[PDB]
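A single chain comes next, written as structure tokens; it is the form deposited in one PDB entry.
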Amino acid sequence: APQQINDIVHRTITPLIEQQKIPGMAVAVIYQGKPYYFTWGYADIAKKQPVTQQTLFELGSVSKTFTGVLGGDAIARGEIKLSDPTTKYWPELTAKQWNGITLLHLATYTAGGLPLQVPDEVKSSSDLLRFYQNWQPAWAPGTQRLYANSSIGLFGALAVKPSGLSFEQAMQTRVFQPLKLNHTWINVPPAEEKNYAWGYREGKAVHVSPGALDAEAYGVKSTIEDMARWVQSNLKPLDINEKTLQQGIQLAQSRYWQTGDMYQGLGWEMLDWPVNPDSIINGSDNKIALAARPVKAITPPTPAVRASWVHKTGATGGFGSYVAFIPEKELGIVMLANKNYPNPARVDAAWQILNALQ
């Protein structure tokens, strides 16, 4: 890599790893469209396995960007409409609070207070139906944003229903394979387990547990190389040959709602570039990112703005990830770690790197 990129990345990430006691980390910088890779530390402390460019990390909520794009692709295919009522794809959802709740509301956390987590008690499909039937909204649809796995998770499950494919099969054939993300998985195959990093929580090696709607809300594992390719694809969707996928990427970066200085896409979240770093850094703390906040509808949604800071944080019990990119500058970053360390530390490091390069 250019010594500029090397010095900028190392001077930022080295203190971050020491301050946060991160066992292993991989970083990709996309600069003028090309990726540059950096790795540190251990994928498996006990077996002394280093992080490499082939190490798989749990993406956590960064998975929601894949779900948003897969949904965008289903829209582009004409299989679903974001204006469709939820009940069009789940007719068994007969309880009256669902009147007026559309797929858009599910995709953007604005259905009226769906909870952050699906209860652990829920497992079978009938458990899930019962949960949603019994759920009582605190707010009318489209008035408040409350970040929720039970919201975008249901969107992902419903979005693939007309295709007849399972969510995993749809993701594989319509997103992963066209983009040549050949080391990106919802379920890690036995052949790839050698590369699956352990996560570390209170010093214990952990992997994400199965849960309802896990594939759709937090289920993807990927390498730093595939994630850099994911950033490149979202930076320049028009270079993608599959038409509905190119269109779906664009739909996921449209601005549907505004709260404060941030705009809600499908999975992706966006701010106008240049950004106030304190806005994205402090805004990434869970104190703000998970709070109930009033939203203004963007009527109609703004198409993908090239002069945006587009990003998503993600975590599981043992992992912490961040992706941010600026289409106007052909500039982006992926940070994958096998510890869940605080969101503001992620965004601060990413902004330092990208600001120095733009």
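When you see a residue number, it is the position in the sequence shown, counting from 1. Think of the rigid core as the biggest set of C-alphas that the two forms share within 1.5 Å after superposition. Only residues modelled in both forms are compared.
One more form of this protein exists, namely the form deposited with a small molecule bound; it is left out here, but the text below deals with it.
Practice prompt. Answer with yes or no whether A228 is in contact with the small molecule in the bound PDB entry, where contact means some heavy atom within 4.5 Å.
Written response: Flag for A228 set to yes.
Item to complete: Examine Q232 and determine whether its closest non-hydrogen atom to the small molecule in the bound PDB entry is within 4.5 angstroms.
Response: So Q232 counts as contacting the small molecule.
Fill in: Touches the small molecule in the bound PDB entry: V51 (any heavy atom, 4.5 Å)
Although the small molecule is absent here, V51 would stay clear of it in the bound PDB entry, with no heavy atoms inside 4.5 Å.
Practice prompt. Please run the contact check for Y37 against the small molecule in the bound PDB entry: heavy atoms, 4.5 angstroms, yes or no?
Written response: Residue-level check for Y37: yes, a contact with the small molecule.
Worksheet entry | Consecutive stretches, 3 or more residues long, displaced between the shown form and the other one (C-alpha shift of at least 2 Å once the core is aligned) | 288-290 is the only stretch that shifts between the shown form and the other one.
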